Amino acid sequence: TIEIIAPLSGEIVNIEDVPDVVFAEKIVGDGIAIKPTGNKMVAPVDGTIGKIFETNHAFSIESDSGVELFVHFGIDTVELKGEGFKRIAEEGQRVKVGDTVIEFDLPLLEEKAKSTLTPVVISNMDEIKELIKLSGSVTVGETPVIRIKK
């Protein structure tokens, strides 16, 4: 049983209500979304950064347990050409839950961005047995957001 902890602070939303069919339709995979309230995206699991979008609004990670997660800030955020994001961690770096990955400017983003919702998804679903999504308000690197059986 794996425990996925919040990469960022805010309220847990339904992947379904994410104004972007790639998320809403679970093309990319399944998980939850977060309506951000903080200033950073942290590592939800222990493992290794995989990729960090140029723009710095999204990143990949693969835990030691074998889970591949994809955190992606906002919708259409690429349009901001990397404006509001400071890349703290490095591609392929070894991380532990809670290690800061990216730092953002909510206020800015809130205004200049299409949407603030941040999808948190498991990219290797075929390797998934059970996925239990939680609910409520969460805090960075502290609160669990999903329970997996794999």
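All residue numbers are counted from 1 along the displayed sequence.
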task: Quick one: say whether 53-61 or 83-91 has the higher mean Cα B-factor in the deposited entry.
output: 83-91
task: Averaging only over Cα atoms, indicate whether 138-146 or 123-131 has the higher B-factor in the PDB entry.
output: 123-131
message: Quiz for you: based on the deposited Cα B-factor, which of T37, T48, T100, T118 is highest?
response: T48
- request: Within this chain's modelled residues, let me know which third the CA B factor of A113 belongs to: lowest, middle or highest.
  value: highest
query: C-alpha B factor of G31, ranked within the chain: lowest, middle or highest third?
result: lowest
- request: Tell me, lowest, middle or highest third: where does the Cα B factor of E11 rank within its chain?
  value: middle
query: According to the PDB entry, is the CA B factor of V21 in the bottom, middle or top third of its chain, that is, lowest, middle or highest?
result: highest
- line: Of the three thirds of Cα B-factor ranks in this chain, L69 occupies the middle
